[PDB]
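Novice: here is the sequence, then the experimental structure:
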Amino acid sequence: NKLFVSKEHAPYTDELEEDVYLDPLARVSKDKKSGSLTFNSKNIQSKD
Amino acid sequence: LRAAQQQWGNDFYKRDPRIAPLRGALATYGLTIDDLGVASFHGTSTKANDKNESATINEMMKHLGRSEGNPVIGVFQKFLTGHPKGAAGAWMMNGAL
Amino acid sequence: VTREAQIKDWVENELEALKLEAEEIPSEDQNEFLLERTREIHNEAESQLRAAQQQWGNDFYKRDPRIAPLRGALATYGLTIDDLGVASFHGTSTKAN
Amino acid sequence: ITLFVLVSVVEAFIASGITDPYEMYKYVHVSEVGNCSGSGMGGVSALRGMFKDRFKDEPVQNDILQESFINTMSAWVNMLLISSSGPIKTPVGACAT
Amino acid sequence: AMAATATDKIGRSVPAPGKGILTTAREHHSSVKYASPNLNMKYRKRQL
């Protein structure tokens, strides 16, 4: 009875929300610790 | 011909990630970020909405490389007409025109 | 395919122009310039190819008044009017509807 | 109605194979995922609350109006599952919505 | 010239506003050492 999994948090933190909004190429990655898909500062506004 | 004009005159920035939608819309007509001289704010006269909207416009202006000392002049129309629950953006559009 | 031929000709023209510009610019900051301009040219070439594909594959019928929206939508994928074999009716169970 | 919509969105993503809605953000920007669904009448339960239960002074939550909007279902979908900052366009079409 | 809509993020407040429409200014600045020719109007008219 857990088909609906409410997200407790957005994929970006409050401090990184603006950066994610302003970067069109920002994409989520799997966090090694939490294991969930989240935005990473290293991946935001990166030449890669 | 219209496809070429769309590609080079209207939608030249849809594909480019280095051009924002706002900057591209301005530059379609030769304007720049600094040419966006007026901002019809929602201006609901509430704490959260006004602070959030001012922050949003400020962040747009920062990221789009607006010249320092060139603030957008904010127009708050709901001080006079109040806040309708959906005619608001239409009244602000009329005022902007 | 004619449009793709023209697009590749345009791409190699712009590449030779970029090569001349790279010859002009000092070699100190040549790598970043080349990377930025190569990405820009790749984006432009992709945009042009998708524009041609939209013109001849997707929106070939938007301009033609002899092709209905329905017939054109069917013919985009090689189908015909007769290939519309099923109609999910509103079917409200009311006389007028 | 909002519960039905949440279940339908989750099941639709399951049918799409997207078990984690954030998997979309590996491929598109948060601004590139929209929700354009809507209702003909919206939260009629919340409308009945605000119009009748409040008139009768029965216990009604102070946010029954935000629960009554037609776009509230899409808002709850986005802010329980999607987190997208993409286009949101809630239509009303009665039976054709 | 432009018209766009946006949502904010995952939360539990319908009337809470957010920075969702900040995406209308989303831009990538990892490599902006040189101006894009695509943003120059003379270049675009040449292509046209």
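Specialist: Perfect, I can see it now. Numbers count the residues shown, from 1 in each chain, chains lettered A, B, ... in the order given.

Novice: list the residues that contact residue B:42.
Specialist: By C-beta atoms under 8 Å, 6 or more residues apart in numbering or on different chains, the contact list for residue B:42 reads B:49, B:53, B:78, B:88, B:92. The C-beta positions use only the backbone N, C-alpha and C, and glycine is treated the same way.

Novice: which non-adjacent residue is nearest residue E:23?
Specialist: Leaving aside its chain neighbours, residue E:23 sits nearest to residue D:31 (3.6 Å; criterion: C-beta to C-beta, 6 or more residues apart in numbering or on different chains).

Novice: wait, a strand at that neighbour?
Specialist: No: in this structure, residue D:31 is helix, not part of a strand, as judged by DSSP: H, G, I helix; E, B strand; the rest coil.

Novice: relative to residue D:40, how far out is the residue nearest to the spatial centre of chain D?
Specialist: Most central residue of chain D, judged by C-alpha distance to the mean C-alpha position with C-alpha atoms, centre = their mean, is residue D:73 at 1.6 Å. Taking C-beta to C-beta, to the nearest Å as the measure, residue D:73 falls 12 Å from residue D:40.

Novice: what's the residue of chain D found nearest chain C sitting at in phi/psi?
Specialist: Per C-beta to the nearest C-beta, residue D:95 is where chain D lies closest to chain C, at 6.9 Å. Recorded main-chain torsions at residue D:95 are phi -80, psi -20, according to degrees, to the nearest 10.

Novice: that one - how many residues pack around it?
Specialist: Applying other C-beta atoms under 10 Å in any protein chain shown, we find 8 residues neighbouring residue D:95.

Novice: that one touches residue C:97, doesn't it?
Specialist: No: between residue D:95 and residue C:97 there is no contact under C-beta atoms under 8 Å: 9.0 Å.

Novice: which neighbours do those two have in common?
Specialist: Common neighbours of residue D:95 and residue C:97 (C-beta under 8 Å, 6+ apart) are residue C:90.

Novice: tell me, what residue is most central in chain C?
Specialist: In chain C, the residue lying closest to the centroid (C-alpha atoms, centre = their mean) is residue C:50, at 1.9 Å.

Novice: any idea which element that one lies in?
Specialist: helix C:30-53 (DSSP states H and E).

Novice: now the helix or strand following that helix: buried residues?
Specialist: The helix or strand immediately downstream of helix C:30-53 is helix C:69-75, counting by DSSP H and E. For helix C:69-75, the buried set under the neighbour-count rule, 16 or more other C-beta atoms under 10 Å in any protein chain shown, comprises C:71, C:72, C:74, C:75.

Novice: farthest-separated two in the residues you listed?
Specialist: Spanning the widest gap among the buried residues of helix C:69-75 are C:72 and C:74, at 7.2 Å by C-beta to C-beta.

Novice: so is stretch C:36-53 next to chain A?
Specialist: No: Stretch C:36-53 stays clear of chain A (C-beta under 8 Å from any C-beta of the partner chain), getting no nearer than 9.9 Å.

Novice: quick check, distance from that stretch to the centre of its chain.
Specialist: Distance of stretch C:36-53 from its chain centroid, counting by C-alpha atoms, centre = their mean, to the nearest Å, is 10 Å.
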